[PDB]
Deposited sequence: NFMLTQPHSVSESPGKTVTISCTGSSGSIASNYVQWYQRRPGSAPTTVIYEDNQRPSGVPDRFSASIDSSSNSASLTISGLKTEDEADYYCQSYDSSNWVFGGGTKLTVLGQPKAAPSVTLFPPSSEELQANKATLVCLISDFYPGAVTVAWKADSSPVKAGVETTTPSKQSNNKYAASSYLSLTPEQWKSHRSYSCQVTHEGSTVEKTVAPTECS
C-alpha cells in the first residue's frame, strides 16, 4: 500500500533552518493533500501544515512546506529554529480508503553531539539453565538511536527496544535493547552482531556476540 517514509531523526542549531522530508512509495505524493502534524514530548499532536503548504492561524511563518513530484516527496522546512520546535513531526495523507502517516521524524534543536558506546554479552548460563540477549547503549546526543539485530547476518524480529531516555543531569541519552534467541544462531555465524546507527557518522557501533 501507499507509504510515507520520513528520516528517523534530524537536528540543527538554534536560529538555523532544518528540513524534514516525506517521500511516498507505491503511489504518488502529489495526488492527495499532505498534512504536517507536530507532537511535542508528552503532548498531543497539533496541526502545523494542511493542504500541502497552508499554515493554520497561530503557526509562525517559520514553518513552510512544499511538494516535489519529481522525487515524489513533501518537505517541511522550519526557519529560525527555536527550542520550542523540538518535537516529532508526522506527515499525513491518504490513498483511497487508507489514511497514512509517515513514520515520524524527531527534531532536536542543538549542547554537543556525542556518539554512543555499545556493550553486549549474554553469558547468564543460569538462564540457559531454563536465553535473552543484551545490547546496551549510553552517552549519546541527540537522543535518536536506531539498532538492527542480525541473526548471523540476517535481521530478526524478536528484538525488543527501549524508548531512548535521558540519563539524569548529563542531558545526554542512553537506551537498552533485548532479544530472545536460541544457542544455534550465535554459534552458527562467526558473530551475532548488534549494530547501532546514531548520526551521519555511524562508523561501527556493533559488538560481535556468540
Worksheet, complete the sentence: According to the entry, C-alpha coordinates are missing for deposited residues 111, 132-133, 214-216
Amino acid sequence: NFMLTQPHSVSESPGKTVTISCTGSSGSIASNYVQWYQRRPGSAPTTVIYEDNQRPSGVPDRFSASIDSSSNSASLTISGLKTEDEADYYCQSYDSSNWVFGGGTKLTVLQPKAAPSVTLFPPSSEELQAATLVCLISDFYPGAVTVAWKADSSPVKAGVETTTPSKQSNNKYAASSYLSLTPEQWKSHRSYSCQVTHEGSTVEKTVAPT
From here on, numbers count along this sequence of modelled residues.
Worksheet item: Comparing 172-180 with 59-67, which stretch shows the greater average C-alpha B-factor in the deposited entry?
Response: 172-180
Discussion item. Tell me which stretch has the larger mean Cα B-factor in this entry, 149-157 or 34-42.
Written reply: 149-157
Discussion item. In terms of recorded Cα temperature factor, pick the maximum from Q111, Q129, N98, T83.
Written reply: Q129
Worksheet entry | Out of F140, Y90, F121, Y94, residue topping the C-alpha B-factor column of the entry | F121
Item to complete: Using the B-factors in the PDB entry, rank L107's C-alpha atom against the chain and give the third, lowest, middle or highest.
Response: lowest
Practice prompt. Would you check the entry's CA temperature factor for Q6 and let me know if it's in the chain's lowest, middle or highest third?
Written response: lowest
Discussion item. Splitting the chain's C-alpha B-factors into thirds, which one does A115 fall into?
Written reply: middle
Discussion item. Test of reading the entry: by CA B factor among the chain's modelled residues, which third contains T164?
Written reply: middle
Fill in: Ranked C-alpha temperature factor of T19 among modelled chain residues, by third
lowest
